[PDB]
Every structure is written in structure tokens, then in C-alpha cells.
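Data file: coords_22.txt. Format and content: compact mmCIF, C-alpha atoms.
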```txt
# COMPACT_ATOMS: atom_id res chain seq x y z
CA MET G 1 17.32 -51.91 -12.30
CA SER G 2 16.80 -50.61 -8.76
CA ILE G 3 15.29 -51.81 -5.49
CA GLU G 4 12.49 -49.52 -4.30
CA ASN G 5 14.29 -46.20 -4.74
CA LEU G 6 11.74 -44.15 -6.68
CA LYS G 7 9.65 -41.20 -5.51
CA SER G 8 11.81 -40.03 -2.60
CA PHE G 9 10.21 -37.92 0.12
CA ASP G 10 11.69 -34.67 1.45
CA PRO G 11 11.16 -32.23 4.35
CA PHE G 12 9.38 -28.87 4.21
CA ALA G 13 9.43 -27.17 7.61
CA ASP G 14 7.71 -23.84 8.25
CA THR G 15 8.42 -20.14 8.78
CA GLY G 16 8.43 -18.06 11.95
CA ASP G 17 5.91 -15.28 12.53
CA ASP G 18 6.68 -12.18 14.60
CA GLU G 19 4.67 -9.11 15.59
CA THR G 20 6.38 -5.82 16.48
CA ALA G 21 3.48 -3.44 17.11
CA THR G 22 -0.08 -3.24 15.77
CA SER G 23 -1.92 0.07 15.45
CA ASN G 24 -1.78 1.20 11.82
CA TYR G 25 -0.03 -0.28 8.79
CA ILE G 26 -1.51 2.14 6.26
CA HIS G 27 -3.09 5.56 6.79
CA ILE G 28 -5.92 6.76 4.55
CA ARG G 29 -7.63 10.15 4.85
CA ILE G 30 -10.23 11.38 2.35
CA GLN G 31 -11.31 14.98 1.80
CA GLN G 32 -13.96 16.57 -0.42
CA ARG G 33 -15.91 19.81 -0.82
CA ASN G 34 -19.23 18.25 -1.83
CA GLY G 35 -18.57 19.14 -5.46
CA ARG G 36 -16.38 17.23 -7.90
CA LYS G 37 -12.71 17.70 -7.03
CA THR G 38 -11.83 14.43 -5.30
CA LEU G 39 -8.73 14.13 -3.11
CA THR G 40 -7.32 11.27 -1.03
CA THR G 41 -4.21 11.12 1.16
CA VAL G 42 -2.17 8.05 2.12
CA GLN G 43 0.84 7.18 4.28
CA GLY G 44 2.93 4.22 5.38
CA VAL G 45 4.72 3.66 2.07
CA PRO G 46 7.84 1.47 2.39
CA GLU G 47 11.36 2.40 1.26
CA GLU G 48 11.08 0.15 -1.79
CA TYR G 49 8.57 2.70 -3.07
CA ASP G 50 9.56 6.37 -3.01
CA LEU G 51 7.42 9.41 -3.80
CA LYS G 52 8.97 9.55 -7.28
CA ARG G 53 8.22 5.89 -8.01
CA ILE G 54 4.61 6.21 -6.86
CA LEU G 55 4.09 9.55 -8.60
CA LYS G 56 5.62 8.26 -11.84
CA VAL G 57 3.69 4.98 -11.83
CA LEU G 58 0.42 6.60 -10.77
CA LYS G 59 0.72 9.47 -13.25
CA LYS G 60 1.77 7.02 -15.97
CA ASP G 61 -0.94 4.51 -15.06
CA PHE G 62 -4.03 6.73 -15.07
CA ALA G 63 -2.60 10.21 -14.51
CA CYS G 64 -2.95 9.99 -10.73
CA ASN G 65 -1.18 13.01 -9.24
CA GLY G 66 0.66 11.45 -6.32
CA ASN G 67 2.59 14.19 -4.54
CA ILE G 68 3.82 14.43 -0.95
CA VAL G 69 2.95 16.75 1.94
CA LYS G 70 4.02 17.54 5.51
CA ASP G 71 1.40 17.35 8.26
CA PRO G 72 1.73 18.32 11.95
CA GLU G 73 1.06 14.68 12.81
CA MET G 74 4.10 13.30 10.98
CA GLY G 75 5.24 15.22 7.92
CA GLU G 76 5.03 12.68 5.10
CA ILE G 77 1.39 12.54 4.01
CA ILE G 78 1.43 11.31 0.41
CA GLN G 79 -1.32 13.29 -1.31
CA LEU G 80 -2.99 11.44 -4.18
CA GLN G 81 -5.55 13.20 -6.38
CA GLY G 82 -8.01 11.33 -8.57
CA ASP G 83 -11.23 9.32 -8.42
CA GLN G 84 -9.37 6.04 -7.95
CA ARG G 85 -9.60 5.48 -4.19
CA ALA G 86 -10.45 1.78 -4.41
CA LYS G 87 -7.62 1.56 -6.94
CA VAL G 88 -4.99 3.12 -4.66
CA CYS G 89 -5.99 0.64 -1.96
CA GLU G 90 -5.96 -2.38 -4.27
CA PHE G 91 -2.64 -1.35 -5.81
CA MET G 92 -1.07 -0.42 -2.47
CA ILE G 93 -1.97 -3.74 -0.85
CA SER G 94 -1.24 -5.79 -3.97
CA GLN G 95 2.13 -4.04 -4.24
CA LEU G 96 2.87 -4.09 -0.51
CA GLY G 97 2.32 -7.84 -0.34
CA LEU G 98 -1.18 -8.22 1.09
CA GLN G 99 -0.76 -5.76 3.95
CA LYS G 100 -3.86 -5.31 6.11
CA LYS G 101 -2.56 -5.80 9.65
CA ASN G 102 -4.02 -2.36 10.36
CA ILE G 103 -5.30 0.82 8.70
CA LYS G 104 -5.42 4.37 10.07
CA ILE G 105 -8.54 5.95 8.59
CA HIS G 106 -9.28 9.64 9.16
CA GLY G 107 -12.73 10.76 10.27
CA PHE G 108 -14.02 13.89 8.56
```

Show me, as C-alpha cells, the structure contained in the file I just sent.
Amino acid sequence: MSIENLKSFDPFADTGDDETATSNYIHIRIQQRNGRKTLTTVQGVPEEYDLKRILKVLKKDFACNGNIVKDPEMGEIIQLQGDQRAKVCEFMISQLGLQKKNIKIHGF
């Protein structure tokens, strides 16, 4: 037998936030010719996900050609072809870890 030693409480504490610089966490530029061929570019991919990992998973998922390009603004614009825009955004954020601190959208 014991003397009031059941259901012991324990600490929990909390984490520590920290902001470096807000302006754009994920770039997204769409381009079309008012026809059928749909194209969408994206940038800001982390190191954990290379162009080969995104091109292999995208092409294997729903055949989403995810190649890379070099623009005069940076030189790493990941070009993604396919009518799965909302998908690339849902998969990018869901895979990035709920990243929405900022988004650089292009204006055509």
C-alpha cells in the first residue's frame, strides 16, 4: 500500500519563436496562353527536397513534370507543368510543415 502517491504531475514548458525576415516564403508564378497548355512555376524549396526528389515524386504521383530553370531574378525557378496548381500548393505546404509566413505571387 502507498500514501497518496498516485497520478504524479509533471512540467511541460514551451518553445521559443524567432523571426529572421518576412517577405516571401514561397514564390508562385503562373503562365498561360489562353488555350490549354497550363504551366506553373514555384521557388523556395528547402534542401530536404531537391529537384530530383520533387520531379520524381511529382512525375510518379500524377505525372507532374517538375523541372528547374534559371531566371534573371534568381536562377532556380522550379518549373512545374500540369493542371494541379492547388495540388502543388497543398503538397508543398503539407510537406514543408504548414509554411505560409509569406508568398511571392507573380502578376501577369

**OP:** May I have the residues within 10 Å of residue 38 (chain G) as a PyMOL selection string, using all atoms listed in the file and disregarding those fewer than 2 positions away in the same chain?
**Re:** chain G and resi 30-36+40+80-85

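Near region 53-59 of chain G, within 10 Å and counting all atoms listed in the file, sit residues 45, 65, 66, 67, 68, 78, 79, 80, 81, 82, 88, 91 and 92 of chain G, not including residues fewer than 6 positions from it in the same chain.
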
Subject >> Counting all atoms listed in the file, the residue of G:69, G:6, G:13, G:42 that sits nearest residue 26 (chain G) >> reply: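 The answer is G:42, which sits nearest to residue 26 (chain G).
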
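Counting all atoms listed in the file, the residue from G:14, G:21, G:108, G:74 that sits nearest to residue 44 (chain G) is G:74.
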
Please list as a compact mmCIF listing (two decimals) with C-alpha atoms, in the coordinates of the input every residue within 8 Å of residue 99 (chain G), counting only C-alpha atoms and excluding residues in the same chain fewer than 5 positions away.
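Done, and the output landed in out_22.txt:
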```txt
# COMPACT_ATOMS: atom_id res chain seq x y z
CA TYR G 25 -0.03 -0.28 8.79
CA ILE G 93 -1.97 -3.74 -0.85
CA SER G 94 -1.24 -5.79 -3.97
```

**OP:** Between CA of residue 70 (chain G) and CA of residue 51 (chain G), measure the distance and give it in Å to one decimal.
**Re:** 12.8 Å

Subject >> G:46, G:89, G:23, G:77 ranked by distance to residue 104 (chain G), top pick (using all atoms listed in the file) >> reply: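 Of the candidates, the smallest distance to residue 104 (chain G) is held by G:23.
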
Subject >> Given all atoms listed in the file as the counted atoms, nearest of G:11, G:19, G:28, G:3 to residue 107 (chain G) >> reply: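 Result for the nearest residue to residue 107 (chain G): G:28.
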
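Relative to CA of residue 105 (chain G), CA of residue 29 (chain G) is found at 5.7 Å.
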
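Comparing the minimum interatomic distances between residue 102 (chain G) and each of G:90, G:71, G:61, G:27, counting only C-alpha atoms, we find that G:27 sits nearest.
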
Original post:
Which one of G:7, G:60, G:106, G:87 sits closest to residue 43 (chain G) if you count all atoms listed in the file?
Top reply: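 Checking each candidate against residue 43 (chain G), we get G:106 as the closest.
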
Build an axis-aligned box that encloses every atom of region 11-28 of chain G listed in the file, pad it by 3 Å on each side, and report its centre and edge lengths in Å to one decimal, as JSON.
```
{"center_x": 2.6, "center_y": -12.7, "center_z": 10.7, "size_x": 23.1, "size_y": 45.0, "size_z": 18.9}
```
